[PDB]
Amino acid sequence: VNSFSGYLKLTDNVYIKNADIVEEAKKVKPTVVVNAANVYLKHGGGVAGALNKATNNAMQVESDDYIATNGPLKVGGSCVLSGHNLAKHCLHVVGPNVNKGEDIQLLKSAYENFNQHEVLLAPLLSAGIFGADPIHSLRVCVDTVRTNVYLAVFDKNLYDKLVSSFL
Ligand SMILES: CC(=O)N1CCN(Cc2cccc(-c3cc4c(N[C@H](c5ccc6c(c5)S(=O)(=O)CCC6)C(C)C)ncnc4[nH]3)c2)CC1
């Protein structure tokens with residue numbers, strides 16, 4: 001299905017919309033929804049907490065079972081788990097948190113995880129309280145992702161700065 005609408009195409013493979021990723025996931029029910037995860041898959045705030053709350057904590061129960069069996073992910077790494085009622089699959093991706101001293105080179109590695117899936121609904125990796133320059137995160141996305149990615153950015157002011165810089 002992947003019925004994305006209202007998206008502005010920036011490149012042959014990158015689209016963007018001023019929207020809440022949770023609301024987009026409920027409407028579209030995409031094949032893959034990307035979560036802006038941490039290495040222990042603990043979804044307490046921001047995007048991760050919003051996606052987990054939309055699943056009524058089912059994402060957290062499943063995440064805890066994955067960590068118990070496989071251990072933590074690494075910064076720049078990912079894992080595929082159920083999307084529950086939001087998507088067929090959830091691709092949990094760990095972008096570097098520069099506000100806590102993690103290296104920005106790892107942002108490229110985090111975006112490279114998107115390439116194993118044909119179509120993804122995703123947030124701007126490492127933006128918000130993760131501390132990275134959001135326009136720089138968009139540049140890395142454009143230069144790294146080669147499959148089709150629909151970026152949901154829930155802030156019209158940020159969306160307008162991204163569309164203006166990209167033009
Ligand atoms: C109608 C109603 O009451 N609502 C509204 C609330 N809605 C649920 C709801 C509640 C709370 C938050 C969010 C939401 C935040 C968010 C989003 N934020 C962006 C962003 C990008 C990357 C990262 C972060 C943030 S972070 O979380 O700071 C750190 C990780 C990396 C910023 C605009 C830069 N981008 C996309 N979708 C979103 N969703 C949503 C349920 C439905």
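For this chain, numbers begin at 1 and follow the sequence in order. Numbering of ligands and ligand atoms starts at 1, following listing order.
Per-residue contacts place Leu124 under 4.0 angstrom from the following atoms of ligand 1 (heavy atoms of the residue considered): 21 (C), 22 (C). The contact set between ligand 1 and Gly46, taken as ligand atoms under 4.0 Å from a residue heavy atom, comprises 27 (O). Atoms of ligand 1 found under 4.0 Å from any heavy atom of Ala152, numbered from 1 in the order shown, are 35 (N), 36 (C). Of all the atoms in ligand 1, the ones that sit under 4.0 Å from a non-hydrogen atom of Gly128 are 28 (O), 34 (C). When each atom of ligand 1 is checked for a heavy atom of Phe130 under 4.0 Å away, the hits are 29 (C), 30 (C).
Of the listed options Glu23, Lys26, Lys156, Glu23 places a heavy atom closest to atom 42 (C) of ligand 1. Counting heavy atoms only, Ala127 comes closest to atom 23 (C) of ligand 1 of the residues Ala127, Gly131, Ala36.
In this structure, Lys42 pairs ionically with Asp64, as a charged nitrogen and a carboxylate oxygen lie closer than 4.0 Å. Using a 4.0 Å cut-off between charged nitrogen and carboxylate oxygen, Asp143 and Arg139 do not count as a salt-bridge pair.
For a threshold of 3.5 Å applied to N or O pairs, the pair formed by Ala50 and ligand 1 contains no separation below that value. Inclusion of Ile21 in the set of residues having an N or O under 3.5 Å from an N or O of ligand 1 is warranted. In terms of polar-atom proximity, defined here as any N/O pair under 3.5 Å, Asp20 does make such a contact with ligand 1.
Residues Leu51 and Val22 form a side-chain contact, since some pair of their non-hydrogen atoms from C-beta on lies under 4.5 Å apart. Inter-residue side-chain proximity for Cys90 and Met59 is flagged as met; some heavy-atom pair is nearer than 4.5 Å.
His43 and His92 have their aromatic ring centers within a separation under 6.0 angstrom.
Distance remark: protein heavy atom present below 4.0 angstrom from atom 14 (C) of ligand 1. At a distance under 4.0 Å, no protein heavy atom can be found next to atom 1 (C) of ligand 1.
Each of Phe4 and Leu10 belongs to its own hydrophobic cluster when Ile, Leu, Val, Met, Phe, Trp and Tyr are linked at side-chain heavy-atom distances under 4.5 angstrom.
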